[PDB]
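Here are two versions of the same chain, shown separately as structure tokens and labelled structure 1 and structure 2.
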Structure 1
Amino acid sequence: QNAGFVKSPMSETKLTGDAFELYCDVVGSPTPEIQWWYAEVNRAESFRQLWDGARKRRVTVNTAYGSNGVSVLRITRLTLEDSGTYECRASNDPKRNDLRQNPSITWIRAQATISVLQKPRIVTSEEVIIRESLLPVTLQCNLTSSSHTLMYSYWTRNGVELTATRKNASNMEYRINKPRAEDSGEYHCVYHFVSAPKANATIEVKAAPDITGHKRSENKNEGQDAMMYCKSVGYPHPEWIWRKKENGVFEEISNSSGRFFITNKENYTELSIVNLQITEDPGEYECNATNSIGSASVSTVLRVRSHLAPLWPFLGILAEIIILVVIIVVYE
């Protein structure tokens, strides 16, 4: 069939100090030797052959020979010299190897233009360690070099946009009046532009781990599951380690019988036991959480209930009934 475009890459309007890719995919019949034609931005008449390795490996072309001609261009270290037009052409001429011929060979037009504007530069405030001090903390970031009409900006924490952080704000400020460990996290100031990719940058706020919630105690009948957990907040997120009290000191716990399940996440540490035995399982456990700053701890106590519990009070009731009826009949 005739050369018809399948996936035509869009024109690139990228910036300096970046890297992007162009993806051309055309069905060939017969499949032609897929190469690329380069032209200046101001003149598309140029048809210079494009081969990987030129310009000190700043552009790489990879082509797959098969049923469908697929070509991928990777451009790195974008500068003002990377602006130009790239074309991928498919030829259906069976005698394509006769290169010494007229340019009347079958060709297609799939040009795409690439332009490069200035890279954005953001200067951000230094890293802050939240202590128990009550002084408010201000995070600052300044868009010192934008070549492009800014649309808006906002703060984000852990990928969540903070409320009421969207104004013009060519330089943007966020203040924490009462900084706590629950505030600490990976903050970002994302800059949304009209026709330019967003710039995010990073200000991490670190704090010692705090244990938010946990089960004060756990009780289960023997031969049954048991689940324990310890949420926490802080940043950067801490390492976890469980432990068990024994003979007055803390000691590491071992899988041993293969009944313990320890599931860890960013917060949260679920410890699960199966088929409890009153012999050794009852006691107290502890969920230590250690971060780069400090370590927080809290304890839980677990008791297992023997299945022969109701038997003793039943004997008590029978004893009471016997000692009552005996006295009543002896009275008469």
Structure 2
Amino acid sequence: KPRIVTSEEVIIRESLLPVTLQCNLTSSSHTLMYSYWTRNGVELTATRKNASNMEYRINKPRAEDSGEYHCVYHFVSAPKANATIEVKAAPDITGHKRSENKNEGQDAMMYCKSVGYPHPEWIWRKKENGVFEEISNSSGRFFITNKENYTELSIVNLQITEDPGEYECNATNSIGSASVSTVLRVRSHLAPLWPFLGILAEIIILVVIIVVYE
């Protein structure tokens, strides 16, 4: 089994200093053909050379870059040697819906897609008189699906009395936490009726004035 010595883990802060990750193939009796850096199982471009020792320099380290880096070694007749260098960062939400407008008795969907490593545990909160209390799945009409970097909250058969409010995704991990919020609005089925009554009142008063004065 080949021996690989790797650099220590690095926590990406707001500092702009470049970060270098190192792998050294200290013991190998096999003929090496090549080696390559990968992140989350994705090959990194232009990282295939002789490279008996691997260096990766990141000039502007950011939260989006942190991940599970691997330096894989491939030989003639020996299994590839992967090793592991893990880079952590605070979580941060990239995209989220500003508002959700749906008619009553319909389906509502919200999501908070974020980035970072470790993958953040996702919890949803609802505004209750100024304090973000937890969401209660009492009626069985809330459905929360959690993934690595994605979360999805779905509501079915919207009721105009309880659902309208503001919902937050808290997104915690081992470095920090990051939360954003969304506003949900439920529209009644009787909305068009009131302006129609206003129009009728306008027409009748207009007709009354015109007829009376002439």
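Rigid core (definition): largest C-alpha set, two forms, superposition within 1.5 Å. Numbering for residues begins at 1 and runs along the sequence of structure 1.
- In the core-superposed comparison between structure 1 and structure 2, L311 has its Cα shifted by less than 2 Å.
- Note on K206: its Cα is shifted 0.3 Å between structure 1 and structure 2, core used for superposition.
- Core superposition places the C-alpha of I322 2.0 Å apart between structure 1 and structure 2.
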